[PDB]
Amino acid sequence: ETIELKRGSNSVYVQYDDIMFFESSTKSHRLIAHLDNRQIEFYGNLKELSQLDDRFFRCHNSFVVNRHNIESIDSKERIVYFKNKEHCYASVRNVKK
DNA sequence: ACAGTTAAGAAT
DNA sequence: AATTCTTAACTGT
């Protein structure tokens, strides 16, 4: 299961479970794939990534998480912790799901 | 329910 | 390829 992260003249190819989560970049129409120890900026939209696979869940407007790489959830604070020790946030309306 | 912020379409 | 404007739909309380 591999995904092509398109970057204009380049592409980077990554396995689904290399990915902790995706977040929107502050560069318009770019996302950031968070991997174990690297981050890769690419062209995409979050909606499309969440439809690739059941493991990819839109927990927030700005985040798509890989369920397989979740270490724990603090549902009080709405913080999703990943196996590489990063974290991101779940929205009030999506945290339960 | 609100006001502030943002993802993503379209065009090029 | 990379960028802008736009706006509905998101955000947290």
Side-chain angles (χ1 to χ4, degrees), chain A residues 2-75 78-82 84-95 97:
Chain A
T2 88
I3 181 176
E4 176 180 357
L5 312 180
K6 297 188 165 173
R7 305 165 40 83
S9 58
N10 316 126
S11 277
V12 179
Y13 286 85
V14 174
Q15 303 304 101
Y16 285 12
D17 285 3
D18 294 330
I19 299 162
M20 308 294 126
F21 66 105
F22 300 97
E23 62 175 357
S24 47
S25 173
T26 59
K27 290 189 183 76
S28 185
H29 295 277
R30 263 129 313 183
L31 307 172
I32 299 159
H34 293 257
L35 272 59
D36 202 341
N37 302 310
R38 310 152 227 178
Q39 293 81 238
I40 297 160
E41 191 169 61
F42 69 102
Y43 287 107
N45 62 30
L46 294 165
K47 101 185 168 92
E48 276 190 338
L49 295 166
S50 50
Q51 298 301 321
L52 269 180
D53 195 288
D54 279 351
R55 81 190 77 182
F56 294 120
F57 179 67
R58 187 75 172 272
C59 72
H60 194 279
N61 198 29
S62 292
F63 298 107
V64 175
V65 305
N66 184 355
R67 279 168 171 138
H68 293 190
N69 279 316
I70 296 178
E71 187 171 88
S72 78
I73 304 174
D74 181 330
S75 76
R78 307 197 311 279
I79 299 166
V80 179
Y81 292 95
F82 296 91
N84 74 336
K85 317 298 178 158
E86 285 182 296
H87 72 259
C88 75
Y89 307 85
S91 67
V92 171
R93 293 164 184 75
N94 306 359
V95 68
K97 297 149 194 193

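Worth knowing before you read on, the calculation uses all heavy atoms, side chains too, and leaves out hydrogens, waters and symmetry mates. Throughout, a chain's letter reflects where its sequence line sits, starting with A, and its residues are numbered from 1.
With sequence neighbours excluded, no residue forms a side chain to side chain donor-acceptor pair (under 3.5 Å) with A:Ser28. Partners of A:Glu48 under the salt bridge (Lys or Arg N to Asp or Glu O under 4.0 Å) rule, at least two apart in sequence or in another chain, do not exist in this structure. Under the rule for a side chain to side chain donor-acceptor pair (under 3.5 Å), the partners of A:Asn61 that lie at least two apart in sequence or sit in another chain are A:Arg58. Residues satisfying the salt bridge (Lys or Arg N to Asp or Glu O under 4.0 Å) test with A:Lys47, not counting sequence neighbours, are none. A:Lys6 is linked by a side chain to side chain donor-acceptor pair (under 3.5 Å) to nothing, counting only residues two or more places apart in sequence or in another chain. Partners of A:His34 by side chain to side chain donor-acceptor pair (under 3.5 Å), not counting sequence neighbours, listed by chain and number: A:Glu23, A:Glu86.
Computed from coordinates, the A:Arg93 CZ to B:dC2 P distance equals 14 Å when rounded to whole Å. Atom NE2 of A:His60 and atom P of C:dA9 are 18 Å apart (whole Å). Note: CG (A:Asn94) to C1' (C:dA9) measures 12 Å, nearest angstrom.
Rounded to 10 degrees, the angle between the two end axes of the helix from B:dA1-C:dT13 to B:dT12-C:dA2 is 50°, with five pairs used at each end.
Pucker assignment for C:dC5 gives south. The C1'-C2'-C3'-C4' angle has a negative sign.
Between A:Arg55 and A:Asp17 a salt bridge is recorded (basic side-chain N to carboxylate O distance below 4.0 Å).
The number of heavy-atom neighbours closer than 6.0 Å to CG of A:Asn10, taken from other residues, nucleotides and ligands shown, is above 12.
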Letter per nucleotide, 5' to 3', of nucleotides 6-12 of chain B [B base touched, S only sugar-phosphate touched, - untouched; heavy atoms, 4.0 Å]: -SBBB--

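Taking 4.0 angstrom as the limit, A:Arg78 places a side-chain polar atom (N or O) nearer than this to OP1 or OP2 of C:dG12.
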